[PDB]
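This document opens with one chain alone, in structure tokens, the form deposited in one PDB entry.
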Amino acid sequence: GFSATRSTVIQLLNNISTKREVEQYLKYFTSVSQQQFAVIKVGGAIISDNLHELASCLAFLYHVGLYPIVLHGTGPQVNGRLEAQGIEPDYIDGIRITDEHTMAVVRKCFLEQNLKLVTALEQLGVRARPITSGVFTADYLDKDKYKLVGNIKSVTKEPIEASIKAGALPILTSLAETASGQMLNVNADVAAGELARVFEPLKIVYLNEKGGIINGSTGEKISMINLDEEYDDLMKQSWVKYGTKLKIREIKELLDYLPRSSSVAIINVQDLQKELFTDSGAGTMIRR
């Protein structure tokens, strides 16, 4: 699967002092099966604001023979559509309350974002498959409270494995279905975790536009978190917000389930290579 374009060669010659790190991390990521390298979660905003960088970083991985499983959201675009129509979005515990009309908007938005990412990759000569259904099976998280929102109960691996075996990056929406075919909205961070539990990749990467987790009291970027030692302390800290406290609790539960060779990385999309192919990385890594 390794086939370096001119662009790939140029990117590989970044931070040449780390070239032995680069070759070691390439070798490592390549040693496991093609479906156990990485789950990469993409925030919806990246597809609207930073599509070239997102497509380029995924093309880099593709061209060096790596097949990340790509799972994206679409939240900001949904809020845009709702707003144009005069409708305010509504969340509880960071989860969108999704009635029938809202689900219609969520579906349309997911499909548009999905095809945009797929097409941007194909324009770079990267084979990509839109996987928009048939992967996540769910029941209702809480119908009275969230309406059409899912709690994922099983994952069907076949579409992702087939894509990778055919030489195409699988590009998934985080939309789930009940077994009987009612589509149910699921938060992208949550859907990514479920993929990770089933595929057990070496890496789960959460891409954003803000960077890694920053310490409020000291202002410094948090490079690493050994969760066995630090979790109890970090959650006590009064600087961490509710939105950050929610993400970190579901990361803790994921890494408790996964083996210790798995790890999480929260990074700016433009720091993907630096995070993955150097010792010190770029954003926040989280180990158990």
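Each residue number is its position in the shown sequence, starting from 1. Basically, rigid core = biggest C-alpha set you can superpose within 1.5 Å across the two forms.
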item: Comparing 11-19 with 268-276, the one whose average Cα B-factor in the PDB entry is higher; value: 11-19
item: Of 57-65 and 248-256, the one with larger mean CA B-factor; value: 248-256
item: Residue with highest C-alpha B-factor in the PDB entry, from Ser263, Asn50, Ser238, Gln35; value: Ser238
item: Maximum C-alpha temperature factor, selected from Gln113, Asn185, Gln123, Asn215; value: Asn215
item: B-factor third for the C-alpha atom of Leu234 within its chain; value: highest
item: Modelled-residue ranking by C-alpha temperature factor, third containing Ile222; value: highest
item: Third of the chain's Cα B-factor distribution that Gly193 belongs to, per the entry; value: middle
item: Relative C-alpha B-factor of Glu100, binned into the chain's lowest, middle or highest third; value: middle
item: CA B-factor placement of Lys210, once the chain's modelled residues are sorted into thirds; value: highest
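Just so you know, the form deposited in another entry exists too; it's not on screen, but the next bit is about it.
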{"query": "Per-residue C-alpha change between this form and the one not shown, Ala38, threshold 2 Å, rigid core fit", "finding": "no"}
{"query": "Core-aligned C-alpha movement of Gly125 between this form and the one not shown, 2 Å or more", "finding": "no"}
{"query": "Core-superposed C-alpha of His52 shifting 2 Å or more between this form and the one not shown", "finding": "no"}
{"query": "Cα separation of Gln24 and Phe199 in the other form versus here, shift of 3 Å or more", "finding": "closer"}
{"query": "Closer or farther in the other form: C-alpha pair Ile204, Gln24 (3 angstroms or more)", "finding": "closer"}
